[PDB]
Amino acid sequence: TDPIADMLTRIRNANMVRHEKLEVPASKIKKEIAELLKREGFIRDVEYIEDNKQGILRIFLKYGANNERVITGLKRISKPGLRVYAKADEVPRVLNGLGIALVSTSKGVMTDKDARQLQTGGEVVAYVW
């Protein structure tokens, strides 16, 4: 069972059917992931919806001029039962820089460019392009 993979799937599906928005149970790691996508321009918005359970992340997807989808793909990389780890010179490049690798470092979850910047490795959580 893999909540992060679930989120990427719900986003992939919504994006196919070109939905405006979607929702996932909130967790801190998924919060961070959604925030990165916003800050990298892959989604239009994310917000936290209160529910006295564990919260909801409502994500607003992004489509371009003539309904061009801004997101092309999402890949779960690291997994429960097979974690994926990069040293700071081995942090993957997604589509020669046109995509992003989401990396969990001891200084938070950031892009692959941020990782190489800070000179750090970590868990390679996912790919978006």
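Just count from 1 along the sequence shown to find any residue number.
- In this entry, 94 to 102 shows the higher mean Cα temperature factor of the pair 28 to 36 and 94 to 102.
- In the PDB entry, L82 places in the middle third of its chain by CA B-factor.
- Ranked by C-alpha B-factor against the other modelled residues of its chain, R44 falls in the middle third.
- In the deposited entry, the Cα temperature factor of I59 places it in the lowest third of its chain's modelled residues.
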